[PDB]
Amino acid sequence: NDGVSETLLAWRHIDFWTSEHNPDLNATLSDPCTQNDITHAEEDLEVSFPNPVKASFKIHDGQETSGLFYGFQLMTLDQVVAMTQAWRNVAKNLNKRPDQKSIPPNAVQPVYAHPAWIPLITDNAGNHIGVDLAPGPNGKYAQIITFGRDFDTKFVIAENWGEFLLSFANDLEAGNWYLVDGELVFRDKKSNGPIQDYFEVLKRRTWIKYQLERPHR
């Protein structure tokens, strides 16, 4: 019940989809990590990766310049290690010295940086989508969160990496995309709406979902 099934399924949609509607993007998907690559990264960060994340890495070791997730790049294992260490330095500096918030409330620690937030996606401008290994009291271990430079408010966008990948795969299959050969961007088809930043889409979806679940105790 870890989201491994979802990860494998999703990568199929995404592998098939890219090869059909954007080969240039397909070609940036790297070879699988070896178990040793993963072990070495776990040793370096002193962390245990969630099953669905390891499953994802054993399919593609990130991307080798045009973001797969509507412009946002899937990070290589080496990039994940390096960036985690970069966030860990930032955290150290803050510990030896705007208001940070969470949606849902108390799901994510109200802090700028945490050693246990492992970035998997980057916008190459300081913001990420990653796996949270130190949830707030109303969060879940290995929930998927947004965090980074411009994320004073953190959002939980998925229950695991599998559900995140699959919901991205569902967006592609639903036709919620525009090509700008060109760059992949998001548009909501059913509504015939404008191009939107995928972060804003994820944020609104999180916010909507939270609001519709509030009534149930």
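Numbers follow the displayed sequence, beginning with 1.
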item: Residue 92 dropped from a third or more of the other entries of this protein; value: no
item: Where residue 64 meets residue 65 in the shown sequence, the number of deposited residues left unmodelled; value: 4 to 9
item: Mean C-alpha B-factor comparison - 75-83 and 88-96, higher one; value: 88-96
item: Cα B factor band for residue 38 (lowest, middle or highest third within the chain); value: highest
item: Third of the chain's Cα B-factor distribution that residue 164 belongs to, per the entry; value: lowest
item: Third of the chain's Cα B-factor distribution that residue 8 belongs to, per the entry; value: middle
item: Chain thirds of CA B-factor: placement of residue 149; value: lowest
item: Chain thirds of CA B-factor: placement of residue 179; value: highest
